[PDB]
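The file upload27.pdb contains PDB, C-alpha atoms:
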ATOM      1  CA  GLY A   1      71.903 213.168 113.785
ATOM      2  CA  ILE A   2      68.182 212.628 114.065
ATOM      3  CA  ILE A   3      67.359 212.888 117.736
ATOM      4  CA  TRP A   4      64.634 211.159 119.752
ATOM      5  CA  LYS A   5      63.369 212.069 123.229
ATOM      6  CA  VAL A   6      61.725 209.258 125.174
ATOM      7  CA  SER A   7      59.979 208.688 128.510
ATOM      8  CA  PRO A   8      58.887 205.390 130.171
ATOM      9  CA  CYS A   9      55.528 206.135 131.780
ATOM     10  CA  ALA A  10      54.464 202.480 131.351
ATOM     11  CA  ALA A  11      50.872 203.353 132.285
ATOM     12  CA  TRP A  12      47.640 204.766 130.864
ATOM     13  CA  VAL A  13      45.082 206.818 132.796
ATOM     14  CA  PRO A  14      42.309 209.081 131.437
ATOM     15  CA  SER A  15      42.925 212.815 131.152
ATOM     16  CA  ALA A  16      41.313 215.737 129.364
ATOM     17  CA  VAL A  17      41.829 219.239 127.953
ATOM     18  CA  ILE A  18      41.020 222.251 130.131
ATOM     19  CA  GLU A  19      40.801 225.969 129.459
ATOM     20  CA  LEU A  20      40.405 228.295 132.421
ATOM     21  CA  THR A  21      38.850 231.728 132.964
ATOM     22  CA  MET A  22      40.208 233.850 135.803
ATOM     23  CA  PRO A  23      37.602 236.291 137.178
ATOM     24  CA  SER A  24      39.924 239.133 136.165
ATOM     25  CA  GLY A  25      39.765 237.966 132.548
ATOM     26  CA  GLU A  26      42.911 235.893 132.121
ATOM     27  CA  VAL A  27      42.880 232.720 130.023
ATOM     28  CA  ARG A  28      45.708 230.235 130.637
ATOM     29  CA  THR A  29      45.844 226.754 129.138
ATOM     30  CA  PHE A  30      47.250 223.529 130.582
ATOM     31  CA  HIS A  31      46.654 219.772 130.514
ATOM     32  CA  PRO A  32      45.677 218.228 133.866
ATOM     33  CA  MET A  33      46.313 214.519 134.420
ATOM     34  CA  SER A  34      43.027 214.424 136.319
ATOM     35  CA  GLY A  35      42.954 210.638 136.521
ATOM     36  CA  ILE A  36      45.934 210.927 138.856
ATOM     37  CA  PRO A  37      45.695 213.388 141.789
ATOM     38  CA  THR A  38      48.270 215.620 140.132
ATOM     39  CA  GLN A  39      48.401 219.279 141.158
ATOM     40  CA  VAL A  40      49.217 221.719 138.363
ATOM     41  CA  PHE A  41      50.273 225.165 139.591
ATOM     42  CA  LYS A  42      49.217 228.452 137.984
ATOM     43  CA  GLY A  43      48.244 231.852 139.324
ATOM     44  CA  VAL A  44      46.164 231.114 142.406
ATOM     45  CA  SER A  45      44.052 228.038 141.583
ATOM     46  CA  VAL A  46      44.889 224.357 141.100
ATOM     47  CA  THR A  47      42.711 221.642 139.548
ATOM     48  CA  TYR A  48      42.863 217.974 140.472
ATOM     49  CA  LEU A  49      41.363 214.499 140.153
ATOM     50  CA  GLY A  50      38.228 213.276 138.424
ATOM     51  CA  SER A  51      36.281 210.050 138.095
TER      52      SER A  51
ATOM     53  CA  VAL B   1      83.088 239.744 136.862
ATOM     54  CA  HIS B   2      82.882 236.738 139.193
ATOM     55  CA  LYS B   3      79.092 236.745 139.485
ATOM     56  CA  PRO B   4      76.544 233.909 139.230
ATOM     57  CA  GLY B   5      74.164 235.843 136.994
ATOM     58  CA  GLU B   6      70.822 237.581 136.764
ATOM     59  CA  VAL B   7      67.938 236.618 139.058
ATOM     60  CA  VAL B   8      64.308 235.993 138.110
ATOM     61  CA  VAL B   9      61.653 235.100 140.681
ATOM     62  CA  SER B  10      58.844 232.843 139.459
ATOM     63  CA  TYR B  11      56.211 232.603 142.185
ATOM     64  CA  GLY B  12      52.906 230.806 141.672
ATOM     65  CA  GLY B  13      52.055 231.362 138.026
ATOM     66  CA  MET B  14      54.076 234.572 137.641
ATOM     67  CA  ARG B  15      57.401 235.683 136.165
ATOM     68  CA  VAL B  16      58.908 238.685 137.949
ATOM     69  CA  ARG B  17      62.277 240.527 137.781
ATOM     70  CA  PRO B  18      63.817 241.491 141.144
ATOM     71  CA  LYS B  19      65.661 244.781 141.550
ATOM     72  CA  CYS B  20      67.076 243.428 144.812
ATOM     73  CA  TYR B  21      66.600 239.849 146.002
ATOM     74  CA  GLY B  22      67.576 239.253 149.602
ATOM     75  CA  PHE B  23      66.860 237.871 153.049
ATOM     76  CA  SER B  24      66.976 239.838 156.299
ATOM     77  CA  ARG B  25      65.650 239.873 159.843
ATOM     78  CA  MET B  26      62.695 242.132 160.625
ATOM     79  CA  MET B  27      60.888 243.531 163.652
ATOM     80  CA  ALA B  28      57.393 242.043 163.851
ATOM     81  CA  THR B  29      54.322 241.502 166.029
ATOM     82  CA  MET B  30      51.917 238.672 166.842
ATOM     83  CA  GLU B  31      48.248 238.455 167.820
ATOM     84  CA  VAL B  32      46.003 236.127 169.815
ATOM     85  CA  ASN B  33      42.264 235.404 169.839
ATOM     86  CA  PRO B  34      40.787 234.297 173.192
ATOM     87  CA  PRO B  35      39.414 230.730 173.232
ATOM     88  CA  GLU B  36      36.163 229.582 174.844
ATOM     89  CA  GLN B  37      32.496 230.595 175.210
ATOM     90  CA  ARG B  38      29.703 229.417 177.613
ATOM     91  CA  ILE B  39      25.933 228.595 177.601
ATOM     92  CA  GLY B  40      22.966 227.773 179.920
ATOM     93  CA  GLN B  41      19.203 228.153 179.581
ATOM     94  CA  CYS B  42      15.808 227.194 180.987
ATOM     95  CA  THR B  43      14.045 224.170 179.501
ATOM     96  CA  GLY B  44      10.498 222.882 179.876
ATOM     97  CA  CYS B  45      10.332 219.317 181.162
ATOM     98  CA  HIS B  46       7.026 217.542 181.759
ATOM     99  CA  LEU B  47       5.756 213.964 181.948
ATOM    100  CA  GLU B  48       2.479 213.010 180.280
ATOM    101  CA  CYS B  49       2.461 209.335 181.341
ATOM    102  CA  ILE B  50       4.822 206.566 182.433
ATOM    103  CA  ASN B  51       5.136 202.870 181.594
TER     104      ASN B  51
ATOM    105  CA  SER C   1      67.362 210.541 184.833
ATOM    106  CA  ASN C   2      68.495 210.678 188.471
ATOM    107  CA  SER C   3      69.668 214.188 189.402
ATOM    108  CA  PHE C   4      67.368 216.769 187.734
ATOM    109  CA  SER C   5      69.489 219.854 188.367
ATOM    110  CA  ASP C   6      66.519 221.897 187.126
ATOM    111  CA  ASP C   7      64.656 221.482 190.435
ATOM    112  CA  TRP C   8      67.105 221.359 193.357
ATOM    113  CA  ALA C   9      70.316 219.796 191.968
ATOM    114  CA  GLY C  10      70.396 216.020 192.608
ATOM    115  CA  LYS C  11      68.953 214.118 195.572
ATOM    116  CA  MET C  12      67.099 210.957 196.482
ATOM    117  CA  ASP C  13      64.301 210.412 193.968
ATOM    118  CA  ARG C  14      61.079 208.934 195.306
ATOM    119  CA  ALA C  15      60.638 207.333 191.884
ATOM    120  CA  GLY C  16      62.409 204.256 190.574
ATOM    121  CA  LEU C  17      64.219 205.581 187.496
ATOM    122  CA  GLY C  18      61.433 207.697 186.061
ATOM    123  CA  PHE C  19      62.133 209.333 182.716
ATOM    124  CA  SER C  20      62.759 212.877 181.481
ATOM    125  CA  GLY C  21      61.851 215.041 178.512
ATOM    126  CA  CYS C  22      61.056 218.353 176.925
ATOM    127  CA  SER C  23      57.738 219.081 175.235
ATOM    128  CA  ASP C  24      55.974 221.414 172.845
ATOM    129  CA  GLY C  25      56.016 225.117 173.647
ATOM    130  CA  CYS C  26      53.437 227.726 174.492
ATOM    131  CA  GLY C  27      54.618 231.224 173.646
ATOM    132  CA  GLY C  28      52.876 234.557 173.439
ATOM    133  CA  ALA C  29      50.653 236.857 175.446
ATOM    134  CA  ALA C  30      48.457 233.968 176.603
ATOM    135  CA  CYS C  31      51.282 232.298 178.526
ATOM    136  CA  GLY C  32      52.479 235.822 179.192
ATOM    137  CA  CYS C  33      56.286 235.792 179.093
ATOM    138  CA  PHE C  34      56.259 237.753 175.809
ATOM    139  CA  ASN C  35      58.730 235.693 173.723
ATOM    140  CA  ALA C  36      57.611 234.435 170.323
ATOM    141  CA  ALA C  37      59.525 231.160 170.211
ATOM    142  CA  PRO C  38      58.149 228.127 172.093
ATOM    143  CA  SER C  39      59.002 226.855 175.576
ATOM    144  CA  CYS C  40      60.315 223.462 176.712
ATOM    145  CA  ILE C  41      58.677 221.732 179.692
ATOM    146  CA  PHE C  42      60.334 219.188 182.012
ATOM    147  CA  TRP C  43      58.350 216.295 183.493
ATOM    148  CA  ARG C  44      58.808 213.473 186.024
ATOM    149  CA  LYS C  45      57.054 210.174 186.656
ATOM    150  CA  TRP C  46      56.940 208.384 190.002
ATOM    151  CA  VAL C  47      56.299 204.728 190.634
ATOM    152  CA  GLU C  48      55.220 204.995 194.241
ATOM    153  CA  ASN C  49      53.644 203.032 197.084
ATOM    154  CA  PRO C  50      51.878 204.919 199.904
ATOM    155  CA  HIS C  51      50.583 201.959 201.939
TER     156      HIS C  51
ATOM    157  CA  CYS D   1      48.860 241.006 160.714
ATOM    158  CA  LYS D   2      51.201 243.870 161.675
ATOM    159  CA  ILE D   3      54.781 244.447 160.489
ATOM    160  CA  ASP D   4      56.955 247.463 161.405
ATOM    161  CA  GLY D   5      53.672 249.244 162.140
ATOM    162  CA  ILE D   6      52.844 248.955 158.435
ATOM    163  CA  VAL D   7      49.577 247.065 158.049
ATOM    164  CA  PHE D   8      49.748 243.661 156.388
ATOM    165  CA  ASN D   9      46.282 242.490 157.457
ATOM    166  CA  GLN D  10      44.186 244.470 159.908
ATOM    167  CA  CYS D  11      43.454 242.417 163.018
ATOM    168  CA  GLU D  12      42.774 242.771 166.737
ATOM    169  CA  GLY D  13      45.361 243.735 169.357
ATOM    170  CA  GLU D  14      48.911 242.478 168.943
ATOM    171  CA  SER D  15      52.019 241.872 171.041
ATOM    172  CA  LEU D  16      55.430 243.345 170.269
ATOM    173  CA  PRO D  17      58.831 241.685 170.862
ATOM    174  CA  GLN D  18      59.367 239.207 168.020
ATOM    175  CA  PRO D  19      62.213 239.170 165.461
ATOM    176  CA  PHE D  20      61.091 237.967 162.053
ATOM    177  CA  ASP D  21      62.988 236.411 159.153
ATOM    178  CA  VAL D  22      61.532 235.609 155.729
ATOM    179  CA  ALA D  23      62.887 236.179 152.206
ATOM    180  CA  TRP D  24      61.835 239.177 150.159
ATOM    181  CA  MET D  25      62.152 240.847 146.773
ATOM    182  CA  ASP D  26      61.596 244.366 145.436
ATOM    183  CA  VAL D  27      60.049 245.107 142.043
ATOM    184  CA  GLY D  28      59.941 248.915 142.057
ATOM    185  CA  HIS D  29      56.870 249.453 144.231
ATOM    186  CA  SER D  30      56.156 250.676 147.752
ATOM    187  CA  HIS D  31      55.097 247.455 149.490
ATOM    188  CA  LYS D  32      57.684 244.709 149.942
ATOM    189  CA  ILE D  33      56.808 241.130 148.969
ATOM    190  CA  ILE D  34      57.614 237.955 150.908
ATOM    191  CA  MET D  35      57.507 234.322 149.835
ATOM    192  CA  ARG D  36      57.689 230.737 151.083
ATOM    193  CA  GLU D  37      56.698 228.763 147.952
ATOM    194  CA  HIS D  38      58.971 230.445 145.404
ATOM    195  CA  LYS D  39      61.181 229.038 142.666
ATOM    196  CA  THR D  40      64.189 231.085 141.573
ATOM    197  CA  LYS D  41      66.036 230.983 138.254
ATOM    198  CA  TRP D  42      69.615 231.896 137.312
ATOM    199  CA  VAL D  43      70.388 233.206 133.822
ATOM    200  CA  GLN D  44      73.517 235.128 132.822
ATOM    201  CA  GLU D  45      73.613 237.073 129.559
ATOM    202  CA  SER D  46      76.145 239.408 127.981
ATOM    203  CA  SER D  47      75.087 242.883 129.104
ATOM    204  CA  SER D  48      77.394 245.823 128.438
ATOM    205  CA  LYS D  49      76.764 247.027 131.993
ATOM    206  CA  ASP D  50      77.919 243.630 133.313
ATOM    207  CA  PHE D  51      81.531 244.097 132.254
TER     208      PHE D  51
END

Have the structure of the file written as structure tokens, please.
Amino acid sequence: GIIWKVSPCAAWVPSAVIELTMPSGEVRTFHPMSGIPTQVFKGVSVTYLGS
Amino acid sequence: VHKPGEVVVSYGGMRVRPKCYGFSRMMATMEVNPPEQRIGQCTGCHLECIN
Amino acid sequence: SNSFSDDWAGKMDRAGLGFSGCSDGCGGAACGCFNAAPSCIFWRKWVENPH
Amino acid sequence: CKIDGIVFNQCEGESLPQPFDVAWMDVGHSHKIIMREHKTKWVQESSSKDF
């Protein structure tokens, strides 16, 4: 086989790339869909929507 | 043995191994903070002119 | 809706088929009966005619 | 604020009679941990002890 994984979002909204700096000194990456009020969970903080 | 398997607790951006995962009833306490405050105070009222 | 065994069993009601219900619950040192869990309250409504 | 006399958060005066029931896990340290927003995970692997 040659296998394909597929998903029907059927939409397009702006998003960006974010790197984060915990005051302790941790650095954890993630991709927020900040055009949609999505809530990504990590550690203690959560980032959300933009313009 | 007829067991489900090992447990891992992931809790808000963390990955932690439990020695013993369980639920139980506990003896606790509750607090209260009294509501309300009051104010009054002299004011200067005078009338220069009237129309 | 007619007897109300809570306050003196069931008798003539000076209301015409008023309703019944519980409510939200105060519980703690403020209401003073020292249980944590809330308390139901029973209420009547009269449709009345003095003169 | 107060559990079993052990401080959880120092506050003002507190009542007493209240049974209390939340989940908990132990990770090898003195203070127990409680949760309400946790996600568990079940993995079983061949461990010589688990036979």

* When distances are computed from all atoms listed in the file, which of C:32, C:2, C:26, C:51 shows the smallest separation from residue C:14? ->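 For residue C:14, the nearest of the given residues is C:2.
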
* Asked: What is the atom CA of residue C:44-atom CA of residue C:13 distance in Å, reported with one decimal?
  -> 10.1 Å

* Can you list, as a ChimeraX atom specification, the residues that the ChimeraX specification (/A :<8) & /B selects here? -> /B:12-14

* Which residues fall under the PyMOL selection byres ((chain B) within 12 of (chain C)) in this file, as a list in words? ->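 Those residues are residues 27, 28, 29, 30, 31, 32, 33, 34 and 35 of chain B.
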
Export of the given selection (C-alpha atoms) as a PDB file, in the coordinates of the input:
ATOM      1  CA  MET B  27      60.888 243.531 163.652  1.00  0.00           C
ATOM      2  CA  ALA B  28      57.393 242.043 163.851  1.00  0.00           C
ATOM      3  CA  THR B  29      54.322 241.502 166.029  1.00  0.00           C
ATOM      4  CA  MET B  30      51.917 238.672 166.842  1.00  0.00           C
ATOM      5  CA  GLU B  31      48.248 238.455 167.820  1.00  0.00           C
ATOM      6  CA  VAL B  32      46.003 236.127 169.815  1.00  0.00           C
ATOM      7  CA  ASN B  33      42.264 235.404 169.839  1.00  0.00           C
ATOM      8  CA  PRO B  34      40.787 234.297 173.192  1.00  0.00           C
ATOM      9  CA  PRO B  35      39.414 230.730 173.232  1.00  0.00           C
TER      10      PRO B  35
END

* Separation of atom CA of residue A:17 and atom CA of residue D:41, in Å? -> 28.8 Å

Take every atom of stretch 20-38 of chain D listed in the file, pad by 4 Å on each side, and give me the axis-aligned box centre and edge lengths in Å, one decimal, as lines of an AutoDock Vina configuration file.
center_x = 59.0
center_y = 239.7
center_z = 152.0
size_x = 15.9
size_y = 29.9
size_z = 28.0

* Test item: the PyMOL selection byres ((chain C and resi 22) around 12) resolved as a PyMOL selection string -> chain C and resi 19-21+23-25+38-44

* **For atom CA of residue C:49 and atom CA of residue C:18, the interatomic separation in Å (one decimal)** =>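 For atom CA of residue C:49 relative to atom CA of residue C:18, the distance reads 14.3 Å.
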
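Using only C-alpha atoms, the part of chain D that sits within 7 Å of chain B is made up of residues 2, 3, 4, 13, 14, 15, 16, 17, 18, 19, 20, 21, 22, 23, 24, 25, 26, 27, 37, 38, 39, 40, 41, 42, 43, 44 and 51 of chain D.
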
Mind dumping the selected residues with C-alpha atoms as a PDB file, keeping the file's coordinate frame?
ATOM      1  CA  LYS D   2      51.201 243.870 161.675  1.00  0.00           C
ATOM      2  CA  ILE D   3      54.781 244.447 160.489  1.00  0.00           C
ATOM      3  CA  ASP D   4      56.955 247.463 161.405  1.00  0.00           C
ATOM      4  CA  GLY D  13      45.361 243.735 169.357  1.00  0.00           C
ATOM      5  CA  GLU D  14      48.911 242.478 168.943  1.00  0.00           C
ATOM      6  CA  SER D  15      52.019 241.872 171.041  1.00  0.00           C
ATOM      7  CA  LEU D  16      55.430 243.345 170.269  1.00  0.00           C
ATOM      8  CA  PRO D  17      58.831 241.685 170.862  1.00  0.00           C
ATOM      9  CA  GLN D  18      59.367 239.207 168.020  1.00  0.00           C
ATOM     10  CA  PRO D  19      62.213 239.170 165.461  1.00  0.00           C
ATOM     11  CA  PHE D  20      61.091 237.967 162.053  1.00  0.00           C
ATOM     12  CA  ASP D  21      62.988 236.411 159.153  1.00  0.00           C
ATOM     13  CA  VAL D  22      61.532 235.609 155.729  1.00  0.00           C
ATOM     14  CA  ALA D  23      62.887 236.179 152.206  1.00  0.00           C
ATOM     15  CA  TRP D  24      61.835 239.177 150.159  1.00  0.00           C
ATOM     16  CA  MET D  25      62.152 240.847 146.773  1.00  0.00           C
ATOM     17  CA  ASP D  26      61.596 244.366 145.436  1.00  0.00           C
ATOM     18  CA  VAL D  27      60.049 245.107 142.043  1.00  0.00           C
ATOM     19  CA  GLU D  37      56.698 228.763 147.952  1.00  0.00           C
ATOM     20  CA  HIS D  38      58.971 230.445 145.404  1.00  0.00           C
ATOM     21  CA  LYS D  39      61.181 229.038 142.666  1.00  0.00           C
ATOM     22  CA  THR D  40      64.189 231.085 141.573  1.00  0.00           C
ATOM     23  CA  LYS D  41      66.036 230.983 138.254  1.00  0.00           C
ATOM     24  CA  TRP D  42      69.615 231.896 137.312  1.00  0.00           C
ATOM     25  CA  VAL D  43      70.388 233.206 133.822  1.00  0.00           C
ATOM     26  CA  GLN D  44      73.517 235.128 132.822  1.00  0.00           C
ATOM     27  CA  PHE D  51      81.531 244.097 132.254  1.00  0.00           C
TER      28      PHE D  51
END
